[PDB]
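Q: have a look at this fold, sequence not included:
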């Protein structure tokens, strides 16, 4: 769940 | 009231006595040795300072 | 006593330096 | 890739420091009260020494006690590996934080992002909880992470701490142990900002050089003597550059601190860190005039002598109520020596021990476990004074003699030095000692825990001996006054005099 | 004012010597800091 | 040691110098000189020296090797243990152990 938003956050 | 004050006075003397019981170790000689060594070391730099100033 | 003697002798160097200048 | 045997991520140099800090704080980690950063040569080869091992173990212990963050290379090479081991050891015996920073190019093995894990140049550390990798590029190009690391520290230092002490800021102390080519660059970039560093004057060759320095020809001679191999291998052109760095490092000495070689005390590391932080805070000059914040900062650490000599000084305005807050904290903070200093430096204890402060102290800071233990003990035995003390505590939780209340509170929590300090101020000196001995002996036979029974028995015996010696000296001074004191009964201390308490507690020696 | 252990001992011994000899003591007597302590000491010696 | 080091024919190497200093019980000098600081200690370089120390009965050198970076678990291989137990084991001790076990 959090991993997707984290990955999108850093890119 | 008065008796409690007298007790406090004797308590002060007792505390002094116990602290002196600890202090009577006579180990202050080593600390005085260290202080004298430090004083001699500090005085040593005076000769170097004088030599630098003279030149 | 030896420490005091050494301390006293130390001032000899300062006195000599002052006299020379 | 996140591997469990903490999250491990690869980051580009363009990553914003603010976003990274926001992630680290909001998501996983808690607020940081201090940051200890260790810089050592990236070379794997290293030599351990007994003193270095002890120093780093004590540093880890201090960091755990305070709860500081630890930043290191985390390349599983030499010293860093040992550090990780120590962390794991402390994890065996709320948790320590150790972040390692490295570069993607150095990593021998790469696994794409479920959870992808691998078990096994420059293999990464295994004990570090959190790790990050730099993925800028140049797989064969090393020494890329350094820049980012610095950007991480400064942003933290400048940001408001929103915490007590240090003027709402964070320590961020920089540390140096060992000699390396990048050590000088790291130290220079750290000192460029208001980041104090302390350098160990031990094995570290460059550390030894810097310590010895505190002219260009002299600096060059010292550098050549200390590191003949590196200087001989390095070209003459680069040497000049190095000199510049040294100058800056030596130009500003108020931030720089060095540990003495002769010192062998356990608290040397804490002393050095506290002194460095005190120097930085005092020389900030933004809030150097004030003395309350500086006093609190020095109180957080147990530097009593330095705090006295600096804050109190001589012929300085000590104020009448200024010490109220500091001594209140010391009583909460369990700093007996600071309490004694405050009492003997001008503080009036009778005025301070107001009803409100005592109510606040007894209402919240009183241990719940101690409260339950006292309740069960009163239910079991319920002696003459157990009801009195329990009623007093209950009244305060909801001819006052507050000093006795404070003394009882100190005793009930098994504090030796603080209890003795409070005892040195009571009026009914002897009766208080006998009462405390009886109270401790009541619980001495709990049998639930073996260790606490021994400690309680020792404390009771010490108090009994103190009372016996005091009365012996008092009688040897005056006979009739001693007898009068014996017959005398305090102002409802417990409704009984010394003789009754002594006989009740089967004190054969006192009666003999 | 700031008290120190050595100052306390020194002034206590001074008071003892004055009592033994019977000397007069003159001070500011403004109940401010050190002077107050001196008075306390006197009272203590008056008790014993 | 001064003569060997100043020979300059084989001053670069450190294995022979370490062995020479190991023959005599100069542990502190050997440490300070050979190991130095920020010097390549090698992963398997200490194998032969510590093997000899175990044969040579030099406990302090063994401790130094262990605490300076040596990995004991990796070294204690089957072959080295077999060699140590096969030959260096005292025959008199072997007979004494056999008779004790029989008794």
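A: Thanks, I have the structure now. Numbering: from 1, shown residues only, chains lettered A, B, ... in the order given.
Q: in what helix or strand does residue B:37 lie?
A: Using DSSP states H and E, the element containing residue B:37 is helix B:28-54.
Q: what residues sit buried inside that helix?
A: residue B:50 (16 or more other CB atoms under 10 Å in any protein chain shown). The C-beta positions use only the backbone N, C-alpha and C, and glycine is treated the same way.
Q: check stretch D:109-127 too.
A: D:122, D:124-125, D:127.
Q: quick check, nearest of those to residue D:33?
A: Nearest to residue D:33, judged by CB to CB, of these is residue D:127 at 22.7 Å.
Q: can you classify that closest one by secondary structure?
A: Following DSSP: H, G, I helix; E, B strand; the rest coil, residue D:127 is assigned to coil.
Q: same thing with the one 10 residues further on?
A: For residue D:137, the secondary structure call by three-state DSSP comes out as coil.
Q: where does the residue lying closest to it once chain neighbours are set aside land in three-state SS?
A: Nearest residue to residue D:137 in three dimensions, chain neighbours excluded: residue D:105, at 7.8 Å (CB to CB, 6 or more residues apart in numbering or on different chains). Taking three-state DSSP as the rule, one finds residue D:105 in the coil state.
Q: ok, now the one 5 residues further on?
A: Three-state call for residue D:110 (three-state DSSP): coil.
Q: give me phi/psi at the residue lying closest to it once chain neighbours are set aside?
A: Spatial nearest neighbour of residue D:110, excluding adjacent residues (CB to CB, 6+ apart): residue D:104 at 7.3 Å. Main-chain torsions, residue D:104, degrees, to the nearest 10: phi -60, psi -40.
Q: enumerate every residue touching residue D:104.
A: Residues in contact with residue D:104, defined by CB atoms under 8 Å, 6 or more residues apart in numbering or on different chains, are D:10, D:110, D:133-136, D:139.
Q: repeat that for 10 Å
A: Residues in contact with residue D:104 (CB atoms under 10 Å, 6 or more residues apart in numbering or on different chains) are D:10-12, D:110, D:133-139, D:144-145.
Q: go on, residue D:302?
A: Counting by CB under 10 Å, 6+ apart, the residues that residue D:302 touches are D:267, D:270-271, D:274, D:333, D:335, D:337-338.
Q: and those residues, which is closest to chain C?
A: Sorting the contacts of residue D:302 by distance to chain C puts residue D:271 at the head of the list, at 29.0 Å, by CB to the nearest CB.
Q: which residues of chain D lie near chain A?
A: Counting by CB under 10 Å from any CB of the partner chain, the positions of chain D adjacent to chain A are D:2, D:7, D:9-12, D:14-16, D:19-20, D:22-23, D:27-28, D:113-115.
Q: restricted to buried residues, select the residues you listed in PyMOL.
A: Buried residues within the residues of chain D next to chain A, by 16+ other CB under 10 Å, are selected in PyMOL with:
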select buried, chain D and resi 7+9+10+11+15+20+23
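Q: middle-most residue in chain B, spatially?
A: residue B:28 (7.4 Å; CA atoms, centre = their mean).
Q: which residues touch that one?
A: The contact partners of residue B:28, by CB under 10 Å, 6+ apart, come to residue B:35.
Q: so which residues on the stretch 151-300 of chain D come close to chain F?
A: Within reach of chain F by CB under 10 Å from any CB, the stretch 151-300 of chain D has these residues: D:178-181, D:203-206, D:208, D:226-227, D:229-230.
Q: which members of those residues occur in helices, if any?
A: D:181, D:205-206, D:208, D:226, D:229-230 (DSSP state H).
Q: out of those, which are buried?
A: Using 16+ other CB under 10 Å as the burial test, those include D:181, D:205-206, D:208, D:226, D:230 as buried.
Q: the helix or strand encompassing residue D:456: what's the following helix or strand?
A: Secondary structure from DSSP H and E places residue D:456 in helix D:450-477. Note on helix D:450-477: by DSSP H and E, the next helix or strand toward the C-terminus is helix D:479-487.
Q: what residues sit buried inside that next one?
A: Neighbour-count burial for helix D:479-487 flags D:481-482, D:485 (criterion: 16+ other CB under 10 Å).
Q: go on, stretch D:42-53?
A: For stretch D:42-53, a neighbour-count test (16+ other CB under 10 Å) marks D:42-47, D:52 as buried.
Q: how close does the residue in chain A positioned nearest to chain F get to residue E:15?
A: Per CB to the nearest CB, residue A:10 is where chain A lies closest to chain F, at 36.4 Å. Residue A:10 sits 76 Å away from residue E:15, taking CB to CB, to the nearest Å as the criterion.
Q: on the three-state scheme, the nearest residue to residue D:393 once chain neighbours are set aside is what?
A: Excluding the flanking residues, the one nearest residue D:393 by CB to CB, 6+ apart is residue D:362, at 6.4 Å. Following three-state DSSP, residue D:362 is assigned to helix.
Q: so residue D:362 makes contact with residue D:389?
A: No: using CB atoms under 10 Å as the test, residue D:362 is too far from residue D:389 to be in contact (11.8 Å).
Q: any residues in contact with both of those two?
A: Between them, residue D:362 and residue D:389 share these contacting residues under CB under 10 Å, 6+ apart: D:405, D:408-409.
Q: wait, a strand at residue D:131?
A: Yes: the assignment for residue D:131 is a strand, going by three-state DSSP.
Q: what's the local residue count around residue D:444?
A: Using other CB atoms under 10 Å in any protein chain shown, residue D:444 has 19 other residues around it.
Q: typo on my end, residue D:209
A: Neighbourhood size, residue D:209 [other CB under 10 Å]: 20.
Q: assign a three-state SS to residue D:101, would you?
A: strand.
Q: OK, contacts around it?
A: When contacts are counted by CB under 10 Å, 6+ apart, residue D:101 touches D:11, D:37, D:71-75, D:128, D:130-134, D:145-146, D:148-149, D:152.
Q: now residue D:33: which helix or strand?
A: Applying DSSP H and E, one finds residue D:33 in no helix or strand.
Q: for residue D:282, see how far away it is.
A: Distance from residue D:33 to residue D:282, counting by CB to CB: 20 Å.
Q: for residue D:133, same thing?
A: Going from residue D:133 to residue D:282 by CB to CB gives 40 Å.
Q: and the gap between the closest residue to residue D:283 other than its chain neighbours and chain C?
A: Spatially, and ignoring its direct neighbours in sequence, residue D:283 is nearest to residue D:254 (5.1 Å; CB to CB, 6+ apart). According to CB to the nearest CB, to the nearest Å, residue D:254 stands 32 Å off from chain C.
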